[PDB]
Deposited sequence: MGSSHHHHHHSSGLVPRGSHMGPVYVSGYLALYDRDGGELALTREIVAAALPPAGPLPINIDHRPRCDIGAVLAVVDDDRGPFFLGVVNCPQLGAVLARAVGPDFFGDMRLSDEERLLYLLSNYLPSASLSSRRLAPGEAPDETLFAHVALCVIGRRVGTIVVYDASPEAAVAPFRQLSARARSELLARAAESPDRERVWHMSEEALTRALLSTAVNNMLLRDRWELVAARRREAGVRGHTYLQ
């Protein structure tokens, strides 16, 4: 019950182009970063509990805790999705997030020339509804440890630092309420073609494999 968690690399060094020197300057952020859907203001469903500078890139762990979100997604995706499966609300939310918001996008501000990066650079993390462009791959799960576990390449140092900062975030236990109607406008994109979804799901599958993240419950 309650919160679910989300993790991923915001960017990969050497492979939006954030260098090491930029990331060092931007962390830790000025204020905790909200999580919204597709950069929609007034559409916060969560918060980033921590961000660390792993050797491969900045890596984040987030909480999502919006009680209306699961029913708006379920309604969007429609009555036949889960078949005969017996599932809790939390589980249903996890399947829906993993198949309809399978990627994210770090919002960083465009800097004027000669303006050095500082800890206000990163504003928030959008979870991206599946569509004509997919962002960076994320993993969802029921606990922080489970959300980060599929990322085997994350250094031991960054993993413990991440889980320990997160365990102390003031945002850990928040709840984000949102209107049925606001969420519905934000999530309307989940109602575009089979063309667009089958093609995007293949892209997402390939990108997850490239990122080393595999599973049988929520991932494939």
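Residues of the deposited sequence lacking C-alpha coordinates fall in the stretches 1-20, 36-39, numbered from 1.
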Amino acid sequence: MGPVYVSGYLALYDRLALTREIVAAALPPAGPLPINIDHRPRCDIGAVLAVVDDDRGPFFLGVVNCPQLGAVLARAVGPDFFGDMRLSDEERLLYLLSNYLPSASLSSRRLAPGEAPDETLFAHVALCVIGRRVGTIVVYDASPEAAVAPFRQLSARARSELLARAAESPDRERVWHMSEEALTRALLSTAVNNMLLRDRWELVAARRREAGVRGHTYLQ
From here on, numbers count along this sequence of modelled residues.
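For the two regions 152-160 and 183-191, the entry's Cα B-factors average higher over 183-191. Per the PDB record, of the two stretches 87-95 and 123-131, 123-131 carries the greater mean B-factor over its C-alpha atoms. Out of 44, 38, 171, 54, the entry records its largest CA B-factor for 171.
In the deposited entry, the Cα temperature factor of residue 48 sits in the middle third of values across the chain's modelled residues. Sort the modelled residues of the chain by CA B factor and residue 9 lands in the lowest third. Among the modelled residues of its chain, residue 20 has a C-alpha B-factor that falls in the highest third according to the deposited record. Ranked by C-alpha B-factor against the other modelled residues of its chain, residue 139 falls in the lowest third. Sorting the modelled residues of the chain by their CA temperature factor places residue 198 in the highest third.
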